[PDB]
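>>> This one's experimental. Sequence and coordinates below.
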Amino acid sequence: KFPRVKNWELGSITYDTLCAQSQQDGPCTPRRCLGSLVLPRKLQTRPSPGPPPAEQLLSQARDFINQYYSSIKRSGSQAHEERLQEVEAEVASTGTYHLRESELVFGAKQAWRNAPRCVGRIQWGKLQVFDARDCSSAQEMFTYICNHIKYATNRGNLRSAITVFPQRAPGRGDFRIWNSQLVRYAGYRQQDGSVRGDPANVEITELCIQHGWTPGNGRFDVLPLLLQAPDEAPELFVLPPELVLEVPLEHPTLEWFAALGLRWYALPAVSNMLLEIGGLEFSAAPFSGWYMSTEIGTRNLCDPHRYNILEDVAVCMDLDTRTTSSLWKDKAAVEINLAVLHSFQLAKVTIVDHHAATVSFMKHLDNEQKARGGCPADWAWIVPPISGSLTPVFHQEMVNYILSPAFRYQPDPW
Amino acid sequence: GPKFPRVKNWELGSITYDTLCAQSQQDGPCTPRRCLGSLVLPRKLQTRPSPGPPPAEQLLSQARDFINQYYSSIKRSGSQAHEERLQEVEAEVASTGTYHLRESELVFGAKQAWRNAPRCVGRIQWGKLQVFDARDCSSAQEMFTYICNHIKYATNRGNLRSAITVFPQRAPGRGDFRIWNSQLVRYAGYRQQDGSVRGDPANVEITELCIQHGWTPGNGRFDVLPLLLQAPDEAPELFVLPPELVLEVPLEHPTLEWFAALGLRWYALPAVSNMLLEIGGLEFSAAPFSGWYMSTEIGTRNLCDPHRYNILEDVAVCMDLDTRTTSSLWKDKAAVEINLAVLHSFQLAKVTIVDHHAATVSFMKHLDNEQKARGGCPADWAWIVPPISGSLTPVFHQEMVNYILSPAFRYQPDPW
Ligand code: HEM
Ligand code: HEM
Ligand SMILES: C[C@H](O)[C@H](O)[C@H]1CNc2nc(N)[nH]c(=O)c2N1
Ligand SMILES: C[C@H](O)[C@H](O)[C@H]1CNc2nc(N)[nH]c(=O)c2N1
Ligand SMILES: [Zn+2]
């Protein structure tokens, strides 16, 4: 039942007993493993044709309340039994319930802790939770978002934060941030099918223009936010420049790197995922921490379907682009990730390289084994995009499963 | 849409459906509750030893399935020869309790096992495999002759050729034919007095077994080990491979002149020998196979792994990198030059080798070929994506479905 987990670098073994607490099913079966798929339509928390069955919601709620009181050690106190009574009364009468701010804070931190694809969970206990459940308009969503950004950025000394907007109600539309991240660069599909900017943001850039945004023509034009209040069309909001801290990229030894004009924002804030706590769903709950260098230098800048700068840098470095055997791609990529670490460190902006991050994740796995008897992790996401075996996580076996609270993927509002 | 796993390529945005997984009849380690896809040896890819013959009914169903596969590949499914062969197999199983393959059935099954191997990135070459039938072999000495012939053929003075030698299958009430070594060519791993290791740390055990069996050890980092060959119901016999048979490549860097001075090297022929070839329910406990290397296997894993040669620090010190901090990316820089050295040295010595870019690109082609041919291709993402420069490679952005198909190459417990 319980999987034997092994580290091949050190020969050490552990048994994951935490996976037994999983109540939600993944995409795999004994016939075939689908663990490398980014998003199966299954785990995804899509819309519904009404209110969840009261029995199911109630059991997820009682479970969460049980988790919370256990955390503060008051498991069994009258406060626990009374909170469970309150939840039952509210659900039975209204088909739903609401969380207290202390519970929402514990829930947000626990959802991060339970996030399989996250390599920075060693910081899970240090999270600023902004309660925005008293938001009623898109204009309000914007002020809360700007507050999140100003707080998280902190002049360069980044701080992990999450802003939780109103939960989903069966009788109305969701509060949604249409942008995948709070900060994104525009992607303009040119004449020749080409793309000026970030090709990953072509669809959202089009939507922004459609809703009245006057576009630019640069490779790094920060997009405005499309915030949606229940059953209302999304509204356009331009982010104040002083709020968006950006870092111009230059290399420590290659003088010509700066000339490439590359730059990336400091704040990584995912804004399209759904936070589920005790059966309650928060369709708008942007979260942010700090970047791991490979996200920018390898994925964002070197992916073929992204900025695709590999060959440009290779030519500047004057490498042999004729054959793959010269390893020109590998050489260019290393210098690009180096430029990212150098530039952010020069600008006094928080980053963490993949070696430092993965070593900390290994410590986190150890903390978790002793604390909960395991830790759900997605090997394909945890192992960085370059120099995989050069990091300790590559040599670590991992067990992946879904625990709640959890951040889940959800359908696009359009 | 369709009731089969939807597979996507994120670089190109293309979609495909895996229908081939529908043919899988062997369960993997995963369940709807948890994914155990990253485990090297879950007890689902490993064939334990059968001290007793497989139940006639279970074996016969596996046998029928294989015969059906064979006749389908030659396009004579449902034919007279097909129904005859099926009858012939159940006749053998009826009286003897086992059966035997025809020459062409073994060649087909051996090629299909490679084709079905989820952890192999070189499957674009699956149709070109030299199958040596050694099912007549009766002694440990003969196994040696066969292995030596295999090495000569496969090595071909640098112009490597994929090959596999199949020894007699598992027989009920008789010992197995087993090659104790993990590969035909392995470097010794000497356990030092202080606790460290000289040579290859991966080979500490087998080295100790060779010593317990009469081998007189050396004291270098790259000492080729002798073979511990086992014939049925007999103790393993030690056989030293003649030096001229084992082609090696001294490592040197194209620009970093001091790299040659490091005295590093690696053998040309990658030949796995501790794996079990399962065809139609028949188990070939000894069936070494070989191809050619992918640069990262040597330069990244064998030479840079912390539990292997671990040379990253040595090379970084020579390149004068800041090994005091992670942010200098000294490990990344060094590893790149080490991989470049492996590629350069093999090309210079005219020994076949393929870099991780070329190999993965050819695996994408294979994936496209198999989509059209079988409606999918079982692939282990963790093993298909190279140990360095993952996303710079096209397979990283390719979702894969993993399942067990037979014939198959399966793990098996150590003879000892
Ligand atoms: C403290 C700094 C942190 C670092 C360095 C870090 C790093 C990472 C990395 C490398 C990824 C993969 C990103 C990608 O490839 O798209 C990731 C994903 C993720 N992280 Fe963390 N993380 C941190 C903080 C956070 C915080 C504050 C939360 C939530 C409260 C969080 C939630 C997650 C989740 C849910 C994912 C999956 C994202 C997705 O599926 O797109 N992370 N993190
Ligand atoms: C023609 C060249 C070939 C190349 C470049 C190639 C490359 C690879 C690579 C890189 C691996 C990973 C090994 C590791 O990381 O330990 C692998 C695994 C494997 N290959 Fe291939 N391969 C080729 C030929 C063969 C042949 C001839 C067979 C069999 C007839 C084969 C069967 C397999 C199997 C079953 C594995 C699994 C390894 C394990 O489970 O330990 N390959 N191959
Ligand atoms: C197909 C494959 O799952 C996909 O390319 C994954 C692999 N690992 C990843 N890992 C991280 N951190 N982020 C990603 O976007 C991906 N993409
Ligand atoms: C734990 C993890 O499965 C293990 O380190 C795997 C990862 N991917 C691999 N991939 C290949 N090709 N070869 C290996 O030996 C491994 N080891
Ligand atoms: Zn799985």
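The structure has been received and is ready for your questions. Numbering: from 1, shown residues only, chains lettered A, B, ... in the order given. Ligands and ions are numbered 1, 2, ... in the order given.
>>> In this structure residue A:254 contacts residue A:335, no?
Yes - in this structure residue A:254 lies within contact range of residue A:335 using CB atoms under 8 Å: 6.6 Å. The C-beta positions use only the backbone N, C-alpha and C, and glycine is treated the same way.
>>> any shared contact partners between those two?
residue A:317 (CB atoms under 8 Å, 6 or more residues apart in numbering or on different chains).
>>> Which of those two has more residues huddled nearby?
residue A:335 (23 against 16; other CB atoms under 10 Å in any protein chain shown).
>>> Just say helix, strand or coil for the more buried one.
helix (DSSP: H, G, I helix; E, B strand; the rest coil).
>>> quick one, what contacts it?
A:251, A:254, A:257, A:313, A:317.
>>> any idea which of these is closest to ligand 1?
Nearest to ligand 1 out of those is residue A:313 (CB to the nearest ligand atom; 20.9 Å).
>>> The residue nearest to residue A:344 when sequence neighbours are not counted bridge partners, please.
In this structure, residue A:344 finds its nearest non-sequential neighbour in residue A:351, 4.1 Å apart by CB to CB, 6 or more residues apart in numbering or on different chains. With DSSP bridges as the criterion, residue A:351 is bridged to residue A:291.
>>> I'd guessed residue A:351 sits against residue A:345; true?
Yes - taking contacts as CB under 8 Å, residue A:351 lies within contact range of residue A:345: 7.0 Å.
>>> Neighbour count: those two, which is higher?
residue A:351 (24 against 16).
>>> measure the more buried one to ligand 4 for me?
26 Å (CB to the nearest ligand atom, to the nearest Å).
>>> One more: residue A:63?
Taking CB to the nearest ligand atom, one finds residue A:63 at 32 Å from ligand 4.
>>> separation between the residue of chain A most remote from its centre and ligand 2?
Most distant from the centre of chain A: residue A:322, at 37.8 Å, with distances by CA atoms, centre = their mean. Taking CB to the nearest ligand atom as the measure, residue A:322 falls 22 Å from ligand 2.
>>> That residue: what secondary structure?
At residue A:322 the chain is in coil, as set by three-state DSSP.
>>> Angles on the backbone of it, please.
phi -60, psi -50 (degrees, to the nearest 10).
>>> for it, what are its contacts?
Taking CB under 8 Å, 6+ apart, one finds nothing in contact with residue A:322.
>>> how far away is it from residue A:328?
9 Å (CB to CB, to the nearest Å).
>>> follow-up on the earlier one: so how far is residue A:99 from the residue nearest to residue A:344?
Taking CB to CB, one finds residue A:351 at 34 Å from residue A:99.
>>> picking up where we left off before, got the contacts of residue A:335 as JSON lines, with secondary structure and distance to ligand 1 columns?
Shown next, in JSON lines, are those (DSSP: H, G, I helix; E, B strand; the rest coil; distance: CB to the nearest ligand atom, whole Å):
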{"residue": "A:251", "secondary structure": "coil", "distance to ligand 1": "23"}
{"residue": "A:254", "secondary structure": "coil", "distance to ligand 1": "25"}
{"residue": "A:257", "secondary structure": "helix", "distance to ligand 1": "23"}
{"residue": "A:313", "secondary structure": "helix", "distance to ligand 1": "21"}
{"residue": "A:317", "secondary structure": "helix", "distance to ligand 1": "26"}
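>>> and chain A, which residues reach ligand 4?
For chain A, the residues in contact with ligand 4 (CB under 6 Å from any ligand atom) are A:8, A:394-397.
>>> and residue A:348, how many residues sit next to it?
10.
>>> So what's the residue count around the residue nearest to it when sequence neighbours are not counted?
Leaving aside its chain neighbours, residue A:348 sits nearest to residue A:156 (4.6 Å; criterion: CB to CB, 6+ apart). Neighbour count for residue A:156, taken as other CB under 10 Å: 13.
>>> and if you look at residue A:144?
20.
>>> related to what we said a few turns ago, now the buried members of the contacts of residue A:335.
A:251, A:254, A:257, A:313 (16 or more other CB atoms under 10 Å in any protein chain shown).
>>> Nearest to ligand 1: which residue in the stretch 251-400 of chain A?
Closest point on the stretch 251-400 of chain A to ligand 1, by CB to the nearest ligand atom, is residue A:289, at 2.7 Å.
>>> do the stretch 1-150 of chain A as well
residue A:120 (2.6 Å).
>>> Tell me if I'm right that that residue and residue A:295 touch.
No - using CB under 8 Å, residue A:120 is not in contact with residue A:295; the gap is 10.8 Å.
>>> what about residue A:147, distance to residue A:128?
Distance from residue A:147 to residue A:128, by CB to CB: 11 Å.
>>> And for residue A:387?
Taken as CB to CB, the span from residue A:387 to residue A:128 is 32 Å.
>>> Looking at the two, which has the bigger crowd around it?
A count of neighbours by other CB under 10 Å puts residue A:387 above the other of residue A:387 and residue A:128, at 30 against 15.
>>> what about the more buried one, which helix or strand?
Under the assignment given by DSSP states H and E, residue A:387 is not contained in any helix or strand.
>>> In the stretch 51-200 of chain A, mark out all the helices, start to finish.
A:54-71, A:78-94, A:101-113, A:138-153 (DSSP state H, counting those that start in this stretch).
>>> Domain boundaries for chain A, per the record?
A:16-133+A:160-170+A:274-288+A:358-382, A:134-159+A:174-245+A:409-413, A:246-268+A:291-356 (curated CATH domains).
>>> Point out the most buried one among those domains.
domain A:246-268+A:291-356 (a mean of 20; mean count of other CB atoms under 10 Å in any protein chain shown).
>>> So is that domain next to ligand 3?
No - on the criterion CB under 6 Å from any ligand atom, domain A:246-268+A:291-356 is out of touch with ligand 3, staying 6.6 Å away.
>>> which residues does the most centrally placed residue in chain A contact?
The centroid of chain A falls nearest to residue A:270 when counting by CA atoms, centre = their mean (4.9 Å). Residues near residue A:270 by CB under 8 Å, 6+ apart: A:180-181, A:286-288.
>>> Put the alpha carbons of stretch A:221-236 into PDB.
What follows is stretch A:221-236 as a C-alpha-only set of coordinates in PDB (Å, rounded to 0.1, in the frame of the first residue of the first chain):
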ATOM      1  CA  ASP A 221       5.400  45.700 -23.100                       C
ATOM      2  CA  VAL A 222       3.800  45.000 -19.700                       C
ATOM      3  CA  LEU A 223       0.100  44.000 -20.200                       C
ATOM      4  CA  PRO A 224      -2.800  45.600 -18.300                       C
ATOM      5  CA  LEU A 225      -5.000  43.500 -16.100                       C
ATOM      6  CA  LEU A 226      -8.400  42.200 -17.100                       C
ATOM      7  CA  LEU A 227     -10.400  41.800 -13.800                       C
ATOM      8  CA  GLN A 228     -13.800  40.300 -13.800                       C
ATOM      9  CA  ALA A 229     -16.500  40.700 -11.100                       C
ATOM     10  CA  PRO A 230     -19.500  38.300 -11.000                       C
ATOM     11  CA  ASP A 231     -21.500  38.100 -14.200                       C
ATOM     12  CA  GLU A 232     -19.900  41.300 -15.400                       C
ATOM     13  CA  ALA A 233     -17.600  41.700 -18.400                       C
ATOM     14  CA  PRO A 234     -14.000  42.100 -17.600                       C
ATOM     15  CA  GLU A 235     -12.600  45.600 -17.100                       C
ATOM     16  CA  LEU A 236      -9.200  47.000 -18.200                       C
END
